[PDB]
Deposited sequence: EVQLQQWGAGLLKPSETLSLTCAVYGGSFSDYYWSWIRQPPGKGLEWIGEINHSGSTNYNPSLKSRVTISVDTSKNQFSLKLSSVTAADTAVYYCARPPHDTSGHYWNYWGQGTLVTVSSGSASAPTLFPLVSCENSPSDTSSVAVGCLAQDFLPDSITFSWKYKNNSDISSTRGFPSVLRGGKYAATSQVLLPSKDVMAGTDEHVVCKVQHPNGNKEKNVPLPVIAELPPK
């Protein structure tokens, strides 16, 4: 019945300012207090602040010093600005709306979320390395490293170019302000002829591939 669409820079360096926006389609834009809420990868939710169409704001004192939320009734949008960012502000930010203008501030409408990452590094495509092993199924892997932001997807192809379906998917881990992620296919032991398989990853900064030698 109502859609909130968000956007804004997803990657920043320490000390800069985070800037996000949320647009409302449907219902009235008036009187509701529109909120921004965030969630650090792997943690729980923190409410940041809210603003109604008249400009009235309520802020979580945990951020007051650095937060500014504002509204634009001519576009039916509201926006969030968070200054002097640090890695701690890396998180999925959401905009949200309560069901009634004069009721509890709990939220039935939510934006899709915007991941915003704050790192000292610069955006980079991942560099790929093969994981050769050493149960009637052998494991073959691919390691993706030094990539940012954290937006990767793997896929596997046989020398014969047919897809490998046997995919296993792990969450990236953060280090040095950049990310790494691994992936593996489990190939039945008795498949000894192909000398390798091909690992592939897609990333905003460029897609890569690397053949992963079949062992034994």
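The deposited chain is incompletely modelled, with C-alpha atoms absent over 135-140, 199-201, 226-232.
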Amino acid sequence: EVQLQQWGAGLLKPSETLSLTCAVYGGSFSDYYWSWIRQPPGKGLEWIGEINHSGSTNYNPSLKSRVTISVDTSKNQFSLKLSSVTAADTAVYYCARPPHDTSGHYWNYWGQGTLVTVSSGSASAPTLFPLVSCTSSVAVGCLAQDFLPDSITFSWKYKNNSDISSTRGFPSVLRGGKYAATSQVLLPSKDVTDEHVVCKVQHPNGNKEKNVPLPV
From here on, numbers count along this sequence of modelled residues.
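For the two regions 31-39 and 164-172, the entry's Cα B-factors average higher over 164-172.
Stretches 198-206 and 19-27 differ in mean CA B factor, with 198-206 having the higher one. Comparing the C-alpha B-factors of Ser137, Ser79, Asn108, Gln112 in the entry, the top value falls on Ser137.
For the set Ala144, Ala88, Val71, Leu131, the PDB entry assigns the largest Cα B-factor to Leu131. Among all modelled residues in this chain, the alpha-carbon of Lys190 has a temperature factor (C-alpha) in the highest third. In this PDB entry, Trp47 carries a Cα temperature factor that places it within the lowest third of its chain's modelled residues. Among all modelled residues in this chain, the alpha-carbon of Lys159 has a temperature factor (C-alpha) in the highest third. Annotation for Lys178: C-alpha temperature factor in the middle third relative to the rest of the modelled chain, per the entry. Ranked by C-alpha B-factor against the other modelled residues of its chain, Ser151 falls in the middle third.
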